[PDB]
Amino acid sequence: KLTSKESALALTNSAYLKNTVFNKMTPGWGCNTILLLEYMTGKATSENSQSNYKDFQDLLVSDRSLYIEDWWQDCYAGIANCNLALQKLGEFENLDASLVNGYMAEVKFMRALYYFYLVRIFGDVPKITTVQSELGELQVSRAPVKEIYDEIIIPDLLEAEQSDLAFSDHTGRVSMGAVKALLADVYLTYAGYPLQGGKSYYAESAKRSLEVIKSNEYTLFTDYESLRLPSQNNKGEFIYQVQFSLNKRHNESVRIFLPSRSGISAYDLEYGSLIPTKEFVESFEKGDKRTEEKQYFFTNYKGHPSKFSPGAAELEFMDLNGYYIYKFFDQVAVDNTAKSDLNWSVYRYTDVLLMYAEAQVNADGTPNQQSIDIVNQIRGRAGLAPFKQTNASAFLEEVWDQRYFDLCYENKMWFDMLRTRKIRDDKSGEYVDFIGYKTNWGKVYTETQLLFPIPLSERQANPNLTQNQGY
């Protein structure tokens, strides 16, 4: 005795459940799915021995490494939710078609989203759009990346794009802005590596990001504190986010960035699992607002009163003796409650603007005024003078620069590195080839590091899954 709308809404909502994969705690101390996408950039380390940063630092990542199981299983659980949701939504006859059309658009968006993470992380993956009971053989095989894009990701998004979905939503639901942001990213990536689909894919990308700009439904934040203010959840720049709230899931990842066993917080322990490198921090332009104390980074704080005896010096001031990420410092959570209700972004407007500039310059071979203005707005917020253009290549590298500098530690950089096969060198500021890059610790990237391994557990369950080269 659910009404038709309640039943349809529940099916639609089931598609959101495995959004936990984009930021959730995993087995280990201070282990979280977000670490997989930060540990290979060479711009983060760990003070936490249990995070398995070592495998990543040593270039000894294997089918037994952390995170990869969580990413595979939860993305595929999400996809199973979506496939069943879409089958059942199609069987509603009496309920308003417009309402059902919207709901199915949300689910198709989600299926595309899960698969887009899967293909970027693991490469070829099983191509599953049917409910499990209607599959012919459950020992599936990995299908080519190109097929996942052409048969699942792109058609899902193109159909969602032609639906009745609202353009924006401030409560956390999928919106047309989310569809356009994802589809911009899909086409931009399709044009890059591995697929190298053709320049027209840059133009298809630029169309979508431009639609988001022209909508006037999103605005740039004027400062950086908004990225760590719970009151800004689902508003301002934010297009799609993982939802954290006091009455649902708390954002435990806040503790990941805090200096290990330091006592600066209300949490029982700070993890210190994601620490920026000194070399990355020192690579920002001189006078950048982002490197000012307690903008993106911090170097001192005070000991929390629950952690030190009254009159301890630590209560007045503590030098942390290094750079730490302050970008996500939910101050109420850290100082008082130990229950962060700060959302984690999947897409925000700054990313979409830089995706427009990148696609546009790649399609047209020369920046237009909109792209020039985007780079200067992002630079202006950082207290930097406007960018003096010299050529299309220098402009593309400046867009890349602002992606590194503005979007750092937001799970974007690793994906940028894979689609360009370029890594920004901290010392010289030059974009060097991924294959041949030497890290701070003497290790050299090869073709192997372009993908993560298929988890050993999945391969032992299903020996029809091949493995990525080198693993």
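Note that residue numbering begins at 1 and tracks the sequence as displayed.
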Checklist entry - Is the mean CA B factor in the deposited entry higher across 359 to 367 or across 119 to 127? => result 359 to 367
Checklist outcome for this item: Per the PDB entry, mean CA B-factor is higher for 149 to 157 or 259 to 267, namely for 259 to 267
Checklist outcome for this item: For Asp185, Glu237, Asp319, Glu106, the deposited C-alpha B-factor is largest at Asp319
Checklist entry - Which one of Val254, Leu165, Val179, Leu113 shows the top CA temperature factor in the record? => result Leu165
Next on the checklist: Among the modelled residues of this chain, does the Cα B factor of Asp58 put it in the lowest, middle or highest third?
Outcome noted: highest
Item to check | B-factor third for the C-alpha atom of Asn462 within its chain | outcome: highest
Checklist entry - Once the chain's modelled residues are ordered by C-alpha B factor and cut into thirds, is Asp401 in the lowest, middle or highest one? => result middle
Next on the checklist: For the chain shown, is the CA B-factor of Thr420 in the lowest, middle or highest third of its modelled residues?
Outcome noted: middle
Item to check | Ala44 CA temperature factor, ranked by third within the chain | outcome: middle
